[PDB]
file structure_30.pdb (PDB, C-alpha atoms and all ligand atoms)
ATOM      1  CA  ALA V   1     -13.753  -2.441  -7.965
ATOM      2  CA  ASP V   2     -10.481  -4.035  -8.992
ATOM      3  CA  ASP V   3      -7.149  -4.144  -7.216
ATOM      4  CA  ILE V   4      -4.523  -1.900  -8.665
ATOM      5  CA  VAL V   5      -0.919  -2.503  -9.634
ATOM      6  CA  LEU V   6       1.641   0.269  -9.235
ATOM      7  CA  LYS V   7       3.957   0.042 -12.229
ATOM      8  CA  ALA V   8       7.301   0.293 -10.440
ATOM      9  CA  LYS V   9      10.097  -0.140 -13.011
ATOM     10  CA  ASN V  10      11.812  -2.764 -10.847
ATOM     11  CA  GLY V  11       8.656  -4.862 -10.679
ATOM     12  CA  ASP V  12       4.878  -4.463 -10.436
ATOM     13  CA  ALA V  13       3.671  -3.724  -6.901
ATOM     14  CA  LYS V  14       0.179  -5.061  -6.454
ATOM     15  CA  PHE V  15      -2.142  -3.645  -3.814
ATOM     16  CA  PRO V  16      -4.735  -6.227  -2.687
ATOM     17  CA  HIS V  17      -7.599  -4.288  -1.124
ATOM     18  CA  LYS V  18      -9.482  -7.175   0.480
ATOM     19  CA  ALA V  19      -6.519  -8.053   2.716
ATOM     20  CA  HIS V  20      -6.205  -4.441   3.789
ATOM     21  CA  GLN V  21      -9.903  -3.891   4.504
ATOM     22  CA  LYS V  22      -9.664  -6.968   6.787
ATOM     23  CA  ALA V  23      -6.323  -6.225   8.501
ATOM     24  CA  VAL V  24      -6.753  -2.466   8.760
ATOM     25  CA  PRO V  25     -10.237  -1.777  10.256
ATOM     26  CA  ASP V  26      -9.117   1.826  10.833
ATOM     27  CA  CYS V  27     -10.219   2.822   7.279
ATOM     28  CA  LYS V  28      -9.227   6.424   7.957
ATOM     29  CA  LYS V  29      -5.610   5.267   7.699
ATOM     30  CA  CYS V  30      -6.149   5.568   3.952
ATOM     31  CA  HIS V  31      -9.625   6.936   3.291
ATOM     32  CA  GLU V  32     -11.100  10.422   3.808
ATOM     33  CA  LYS V  33      -7.671  11.971   3.605
ATOM     34  CA  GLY V  34      -7.523  15.568   2.559
ATOM     35  CA  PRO V  35      -6.706  16.550  -0.997
ATOM     36  CA  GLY V  36      -3.309  15.857  -2.492
ATOM     37  CA  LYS V  37      -3.016  12.148  -1.635
ATOM     38  CA  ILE V  38      -3.436  10.983  -5.250
ATOM     39  CA  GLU V  39      -0.860  13.496  -6.509
ATOM     40  CA  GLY V  40       1.388  12.904  -3.536
ATOM     41  CA  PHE V  41       1.997   9.181  -3.745
ATOM     42  CA  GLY V  42       5.369   8.017  -4.941
ATOM     43  CA  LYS V  43       8.414   5.938  -4.115
ATOM     44  CA  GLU V  44       9.203   7.904  -0.985
ATOM     45  CA  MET V  45       5.673   7.441   0.359
ATOM     46  CA  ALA V  46       5.570   3.771  -0.687
ATOM     47  CA  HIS V  47       8.786   2.980   1.143
ATOM     48  CA  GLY V  48       7.561   5.132   4.055
ATOM     49  CA  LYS V  49       4.145   5.292   5.713
ATOM     50  CA  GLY V  50       2.365   4.835   2.374
ATOM     51  CA  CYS V  51       3.153   1.082   2.314
ATOM     52  CA  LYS V  52       6.277  -0.353   3.933
ATOM     53  CA  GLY V  53       6.109   1.899   6.997
ATOM     54  CA  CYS V  54       2.637   0.706   7.908
ATOM     55  CA  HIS V  55       3.653  -2.935   7.544
ATOM     56  CA  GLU V  56       6.518  -2.294   9.980
ATOM     57  CA  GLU V  57       4.366  -0.392  12.467
ATOM     58  CA  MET V  58       1.528  -2.923  12.419
ATOM     59  CA  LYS V  59       4.045  -5.785  12.579
ATOM     60  CA  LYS V  60       2.472  -7.399   9.656
ATOM     61  CA  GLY V  61       2.636  -7.230   5.738
ATOM     62  CA  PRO V  62       5.587  -7.434   3.294
ATOM     63  CA  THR V  63       8.753  -5.498   4.147
ATOM     64  CA  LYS V  64      11.232  -7.078   1.687
ATOM     65  CA  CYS V  65      11.890  -5.821  -1.874
ATOM     66  CA  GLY V  66      10.894  -9.035  -3.594
ATOM     67  CA  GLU V  67       7.768  -9.425  -1.494
ATOM     68  CA  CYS V  68       6.193  -6.179  -2.813
ATOM     69  CA  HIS V  69       7.853  -6.031  -6.224
ATOM     70  CA  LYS V  70       7.292  -8.856  -8.715
ATOM     71  CA  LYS V  71       8.018  -8.888 -12.440
TER      72      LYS V  71
HETATM   73  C1  LIG B   1      -4.991   1.599   2.551
HETATM   74  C2  LIG B   1      -4.091   0.707   3.055
HETATM   75  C3  LIG B   1      -6.488   1.233   2.643
HETATM   76  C4  LIG B   1      -7.140   0.793   3.711
HETATM   77  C5  LIG B   1      -6.577   0.552   5.143
HETATM   78  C6  LIG B   1      -8.511   0.602   3.325
HETATM   79  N1  LIG B   1      -8.652   0.946   1.975
HETATM   80 FE1  LIG B   1     -10.308   0.956   0.864
HETATM   81  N2  LIG B   1      -9.233   1.369  -0.813
HETATM   82  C7  LIG B   1      -7.893   1.677  -0.838
HETATM   83  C8  LIG B   1      -7.465   1.849  -2.212
HETATM   84  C9  LIG B   1      -6.084   2.214  -2.719
HETATM   85  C10 LIG B   1      -8.679   1.605  -3.062
HETATM   86  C11 LIG B   1      -8.803   1.646  -4.586
HETATM   87  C12 LIG B   1      -8.007   0.520  -5.240
HETATM   88  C13 LIG B   1      -8.504  -0.856  -4.890
HETATM   89  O1  LIG B   1      -7.631  -1.762  -4.762
HETATM   90  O2  LIG B   1      -9.735  -1.036  -4.773
HETATM   91  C14 LIG B   1      -9.727   1.325  -2.102
HETATM   92  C15 LIG B   1     -11.005   1.012  -2.428
HETATM   93  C16 LIG B   1     -12.040   0.938  -1.535
HETATM   94  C17 LIG B   1     -13.414   0.681  -1.900
HETATM   95  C18 LIG B   1     -13.918   0.354  -3.310
HETATM   96  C19 LIG B   1     -13.806  -1.196  -3.198
HETATM   97  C20 LIG B   1     -14.516  -1.986  -4.262
HETATM   98  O3  LIG B   1     -15.483  -1.454  -4.885
HETATM   99  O4  LIG B   1     -14.109  -3.170  -4.478
HETATM  100  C21 LIG B   1     -14.142   0.682  -0.789
HETATM  101  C22 LIG B   1     -15.678   0.458  -0.713
HETATM  102  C23 LIG B   1     -13.241   0.931   0.319
HETATM  103  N3  LIG B   1     -11.955   1.072  -0.165
HETATM  104  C24 LIG B   1     -13.593   0.998   1.631
HETATM  105  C25 LIG B   1     -12.738   0.690   2.674
HETATM  106  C26 LIG B   1     -13.116   0.409   4.050
HETATM  107  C27 LIG B   1     -14.591   0.389   4.541
HETATM  108  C28 LIG B   1     -11.985   0.173   4.749
HETATM  109  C29 LIG B   1     -11.767  -0.193   6.239
HETATM  110  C30 LIG B   1     -12.263  -1.361   6.692
HETATM  111  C31 LIG B   1     -10.868   0.305   3.835
HETATM  112  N4  LIG B   1     -11.362   0.623   2.588
HETATM  113  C32 LIG B   1      -9.530   0.166   4.144
HETATM  114  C33 LIG B   1      -7.093   1.765   0.263
HETATM  115  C34 LIG B   1      -7.413   1.341   1.534
HETATM  116  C1  LIG B   2      -1.625   0.339   6.914
HETATM  117  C2  LIG B   2      -2.099   1.593   7.005
HETATM  118  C3  LIG B   2      -1.162  -0.236   5.552
HETATM  119  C4  LIG B   2      -0.884   0.440   4.439
HETATM  120  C5  LIG B   2      -0.876   1.975   4.215
HETATM  121  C6  LIG B   2      -0.517  -0.528   3.432
HETATM  122  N1  LIG B   2      -0.596  -1.798   3.950
HETATM  123 FE1  LIG B   2      -0.248  -3.524   2.983
HETATM  124  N2  LIG B   2      -0.827  -4.584   4.625
HETATM  125  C7  LIG B   2      -1.135  -4.018   5.850
HETATM  126  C8  LIG B   2      -1.388  -5.084   6.801
HETATM  127  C9  LIG B   2      -1.749  -4.946   8.276
HETATM  128  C10 LIG B   2      -1.223  -6.367   6.016
HETATM  129  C11 LIG B   2      -1.376  -7.801   6.519
HETATM  130  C12 LIG B   2      -2.503  -8.470   5.766
HETATM  131  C13 LIG B   2      -2.621  -9.917   6.174
HETATM  132  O1  LIG B   2      -3.732 -10.326   6.547
HETATM  133  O2  LIG B   2      -1.601 -10.653   6.146
HETATM  134  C14 LIG B   2      -0.869  -5.951   4.671
HETATM  135  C15 LIG B   2      -0.634  -6.816   3.633
HETATM  136  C16 LIG B   2      -0.154  -6.486   2.391
HETATM  137  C17 LIG B   2       0.098  -7.425   1.323
HETATM  138  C18 LIG B   2      -0.090  -8.968   1.382
HETATM  139  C19 LIG B   2      -1.565  -9.328   1.403
HETATM  140  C20 LIG B   2      -1.756 -10.801   1.679
HETATM  141  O3  LIG B   2      -2.724 -11.373   1.133
HETATM  142  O4  LIG B   2      -0.924 -11.387   2.399
HETATM  143  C21 LIG B   2       0.564  -6.734   0.287
HETATM  144  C22 LIG B   2       0.968  -7.309  -1.082
HETATM  145  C23 LIG B   2       0.609  -5.334   0.665
HETATM  146  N3  LIG B   2       0.126  -5.204   1.962
HETATM  147  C24 LIG B   2       1.028  -4.290  -0.121
HETATM  148  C25 LIG B   2       0.854  -2.954   0.163
HETATM  149  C26 LIG B   2       1.170  -1.848  -0.703
HETATM  150  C27 LIG B   2       1.823  -2.035  -2.072
HETATM  151  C28 LIG B   2       0.811  -0.720  -0.087
HETATM  152  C29 LIG B   2       0.931   0.724  -0.601
HETATM  153  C30 LIG B   2       0.436   0.966  -1.858
HETATM  154  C31 LIG B   2       0.267  -1.090   1.198
HETATM  155  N4  LIG B   2       0.305  -2.441   1.314
HETATM  156  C32 LIG B   2      -0.186  -0.220   2.146
HETATM  157  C33 LIG B   2      -1.189  -2.686   6.141
HETATM  158  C34 LIG B   2      -0.979  -1.640   5.271
HETATM  159  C1  LIG B   3       5.972  -2.654  -0.179
HETATM  160  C2  LIG B   3       5.686  -2.616   1.141
HETATM  161  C3  LIG B   3       7.359  -2.263  -0.727
HETATM  162  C4  LIG B   3       8.560  -2.645  -0.280
HETATM  163  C5  LIG B   3       8.857  -3.550   0.932
HETATM  164  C6  LIG B   3       9.562  -2.069  -1.166
HETATM  165  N1  LIG B   3       8.905  -1.366  -2.162
HETATM  166 FE1  LIG B   3       9.795  -0.390  -3.704
HETATM  167  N2  LIG B   3       8.029   0.460  -4.157
HETATM  168  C7  LIG B   3       6.808   0.065  -3.639
HETATM  169  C8  LIG B   3       5.760   0.734  -4.350
HETATM  170  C9  LIG B   3       4.274   0.594  -4.118
HETATM  171  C10 LIG B   3       6.426   1.617  -5.355
HETATM  172  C11 LIG B   3       5.743   2.516  -6.408
HETATM  173  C12 LIG B   3       5.743   3.971  -6.017
HETATM  174  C13 LIG B   3       4.827   4.708  -6.974
HETATM  175  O1  LIG B   3       5.303   5.661  -7.642
HETATM  176  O2  LIG B   3       3.649   4.309  -7.101
HETATM  177  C14 LIG B   3       7.847   1.382  -5.186
HETATM  178  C15 LIG B   3       8.827   2.017  -5.923
HETATM  179  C16 LIG B   3      10.128   1.582  -6.053
HETATM  180  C17 LIG B   3      11.129   2.059  -6.976
HETATM  181  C18 LIG B   3      10.931   3.162  -8.053
HETATM  182  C19 LIG B   3      10.168   2.486  -9.201
HETATM  183  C20 LIG B   3       9.749   3.473 -10.275
HETATM  184  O3  LIG B   3       9.825   4.692 -10.039
HETATM  185  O4  LIG B   3       9.326   3.019 -11.364
HETATM  186  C21 LIG B   3      12.239   1.326  -6.786
HETATM  187  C22 LIG B   3      13.552   1.504  -7.558
HETATM  188  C23 LIG B   3      11.985   0.383  -5.700
HETATM  189  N3  LIG B   3      10.683   0.579  -5.299
HETATM  190  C24 LIG B   3      12.830  -0.580  -5.207
HETATM  191  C25 LIG B   3      12.680  -1.244  -4.028
HETATM  192  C26 LIG B   3      13.705  -2.016  -3.345
HETATM  193  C27 LIG B   3      15.148  -2.289  -3.868
HETATM  194  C28 LIG B   3      13.173  -2.429  -2.179
HETATM  195  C29 LIG B   3      13.868  -3.227  -1.059
HETATM  196  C30 LIG B   3      14.976  -2.635  -0.541
HETATM  197  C31 LIG B   3      11.804  -1.957  -2.103
HETATM  198  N4  LIG B   3      11.540  -1.246  -3.262
HETATM  199  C32 LIG B   3      10.916  -2.206  -1.072
HETATM  200  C33 LIG B   3       6.575  -0.852  -2.643
HETATM  201  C34 LIG B   3       7.556  -1.456  -1.908
HETATM  202  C1  LIG B   4      -3.132   8.016   1.867
HETATM  203  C2  LIG B   4      -2.869   6.538   2.065
HETATM  204  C3  LIG B   4      -2.059   6.302   3.347
HETATM  205  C4  LIG B   4      -0.690   6.940   3.332
HETATM  206  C5  LIG B   4      -0.691   8.312   3.971
HETATM  207  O1  LIG B   4      -0.855   8.434   5.190
HETATM  208  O2  LIG B   4      -0.508   9.294   3.255
HETATM  209  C6  LIG B   4      -2.222   5.912   0.802
HETATM  210  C7  LIG B   4      -1.966   4.406   1.015
HETATM  211  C8  LIG B   4      -1.975   3.806  -0.383
HETATM  212  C9  LIG B   4      -2.185   5.012  -1.326
HETATM  213  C10 LIG B   4      -2.747   4.718  -2.730
HETATM  214  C11 LIG B   4      -1.878   3.662  -3.460
HETATM  215  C12 LIG B   4      -2.409   3.389  -4.865
HETATM  216  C13 LIG B   4      -2.550   4.698  -5.686
HETATM  217  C14 LIG B   4      -1.156   5.242  -6.039
HETATM  218  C15 LIG B   4      -1.259   6.505  -6.955
HETATM  219  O3  LIG B   4       0.064   7.009  -7.198
HETATM  220  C16 LIG B   4      -2.071   7.549  -6.204
HETATM  221  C17 LIG B   4      -3.462   7.037  -5.842
HETATM  222  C18 LIG B   4      -3.426   5.765  -4.962
HETATM  223  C19 LIG B   4      -4.866   5.264  -4.873
HETATM  224  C20 LIG B   4      -2.867   6.027  -3.547
HETATM  225  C21 LIG B   4      -3.675   7.083  -2.749
HETATM  226  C22 LIG B   4      -3.130   7.298  -1.318
HETATM  227  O4  LIG B   4      -1.837   7.904  -1.449
HETATM  228  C23 LIG B   4      -3.065   5.969  -0.514
HETATM  229  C24 LIG B   4      -4.463   5.450  -0.258
END
call {"tool": "encode", "arguments": {"input": "structure_30.pdb", "output": "structure tokens"}}
result
Amino acid sequence: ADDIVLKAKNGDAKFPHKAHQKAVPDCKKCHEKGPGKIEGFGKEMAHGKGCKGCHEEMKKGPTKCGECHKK
């Protein structure tokens, strides 16, 4: 399947799966979650544990605005 881009108004936020499959061998961090995760994602999640928060916790991945968001 293809990578997806989240259409944030301030700039497209791409999600490259291959890098994540490699750097996050604990697949259950994102997969096999209960229901609601598709409906639940948004800016709050993205800037929290959904994206940015994991990068901070794992000490790796983009944590600056212009690193995730790109027009
Ligand atoms: C969140 C950070 C994820 C982690 C960690 C892993 N996966 Fe993932 N996966 C995630 C998303 C949002 C998507 C759909 C959008 C996309 O970019 O593909 C997927 C997709 C998959 C797929 C389909 C891939 C393909 O057909 O190219 C598979 C088979 C899959 N994910 C499995 C997988 C495994 C085994 C992981 C751990 C090593 C893993 N994913 C991590 C989100 C995230
Ligand atoms: C852990 C559970 C993560 C979640 C949830 C998300 N990301 Fe992530 N990301 C994670 C790690 C450990 C890394 C380092 C990968 C590396 O090998 O350097 C990343 C990396 C990225 C990248 C850059 C990929 C690259 O080729 O350098 C991007 C652009 C990125 N992550 C974006 C991103 C977004 C938008 C997420 C939410 C939708 C997201 N990540 C979740 C760990 C985790
Ligand atoms: C990746 C790790 C991110 C970092 C670092 C920052 N942002 Fe972000 N942001 C990210 C995603 C994946 C999303 C989309 C959420 C969704 O609904 O899918 C967003 C969202 C925003 C928004 C709202 C955009 C909209 O609703 O159209 C804004 C205004 C925004 N982001 C700004 C922003 C700034 C200023 C940041 C640095 C301080 C920043 N983001 C960090 C992913 C990531
Ligand atoms: C559930 C995990 C991990 C975050 C968490 O613990 O909740 C998060 C990490 C990235 C999230 C995905 C980002 C891209 C998509 C955003 C859409 O608006 C809703 C579906 C997708 C596919 C999201 C589904 C789910 O919300 C994921 C996989």
call {"tool": "closest_atom_pairs", "arguments": {"input": "structure_30.pdb", "of": "chain V", "to": "ligand LIG 2 (chain B)", "cutoff": "7 Å", "atoms": "only C-alpha atoms and all ligand atoms", "output": "Markdown table"}}
result
| residue | atom | partner | partner_atom | distance |
| --- | --- | --- | --- | --- |
| V:13 | CA | B:LIG2 | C27 | 5.4 |
| V:14 | CA | B:LIG2 | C27 | 5.6 |
| V:15 | CA | B:LIG2 | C27 | 4.6 |
| V:16 | CA | B:LIG2 | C22 | 6.0 |
| V:19 | CA | B:LIG2 | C12 | 5.1 |
| V:20 | CA | B:LIG2 | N2 | 5.4 |
| V:22 | CA | B:LIG2 | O1 | 6.8 |
| V:23 | CA | B:LIG2 | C9 | 4.8 |
| V:24 | CA | B:LIG2 | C9 | 5.6 |
| V:29 | CA | B:LIG2 | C2 | 5.1 |
| V:30 | CA | B:LIG2 | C5 | 6.4 |
| V:46 | CA | B:LIG2 | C29 | 5.6 |
| V:49 | CA | B:LIG2 | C5 | 6.2 |
| V:50 | CA | B:LIG2 | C5 | 4.7 |
| V:51 | CA | B:LIG2 | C32 | 3.6 |
| V:52 | CA | B:LIG2 | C31 | 6.6 |
| V:54 | CA | B:LIG2 | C1 | 4.4 |
| V:55 | CA | B:LIG2 | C33 | 5.0 |
| V:58 | CA | B:LIG2 | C9 | 5.7 |
| V:60 | CA | B:LIG2 | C11 | 5.0 |
| V:61 | CA | B:LIG2 | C14 | 3.9 |
| V:62 | CA | B:LIG2 | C17 | 5.8 |
| V:68 | CA | B:LIG2 | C22 | 5.6 |
call {"tool": "axis_aligned_box", "arguments": {"input": "structure_30.pdb", "around": "ligand LIG 4 (chain B)", "padding_each_side": "5 Å", "output": "AutoDock Vina command-line options"}}
result
--center_x -2.4 --center_y 6.3 --center_z -1.0 --size_x 14.9 --size_y 15.9 --size_z 22.4
call {"tool": "atom_distance", "arguments": {"input": "structure_30.pdb", "atom1": "atom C29 of ligand LIG 1 (chain B)", "atom2": "CA of residue 71 in chain V"}}
result
28.6 Å
call {"tool": "closest_residue", "arguments": {"input": "structure_30.pdb", "among": "V:38, V:6, V:1, V:65", "to": "ligand LIG 1 (chain B)", "atoms": "all atoms listed in the file"}}
result
V:1
call {"tool": "closest_residue", "arguments": {"input": "structure_30.pdb", "among": "V:9, V:31, V:18, V:37", "to": "ligand LIG 3 (chain B)", "atoms": "only C-alpha atoms and all ligand atoms"}}
result
V:9
call {"tool": "atom_distance", "arguments": {"input": "structure_30.pdb", "atom1": "atom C17 of ligand LIG 3 (chain B)", "atom2": "CA of residue 10 in chain V"}}
result
6.2 Å
call {"tool": "closest_residue", "arguments": {"input": "structure_30.pdb", "among": "V:57, V:35, V:41, V:47", "to": "ligand LIG 4 (chain B)", "atoms": "all atoms listed in the file"}}
result
V:41
call {"tool": "closest_residue", "arguments": {"input": "structure_30.pdb", "among": "V:43, V:33, V:17, V:59", "to": "ligand LIG 3 (chain B)", "atoms": "all atoms listed in the file"}}
result
V:43
call {"tool": "closest_residue", "arguments": {"input": "structure_30.pdb", "among": "V:25, V:48, V:40, V:11", "to": "ligand LIG 1 (chain B)", "atoms": "only C-alpha atoms and all ligand atoms"}}
result
V:25
call {"tool": "closest_residue", "arguments": {"input": "structure_30.pdb", "among": "V:27, V:64, V:7, V:39", "to": "ligand LIG 4 (chain B)", "atoms": "only C-alpha atoms and all ligand atoms"}}
result
V:39
call {"tool": "atom_distance", "arguments": {"input": "structure_30.pdb", "atom1": "atom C3 of ligand LIG 3 (chain B)", "atom2": "CA of residue 34 in chain V"}}
result
23.5 Å
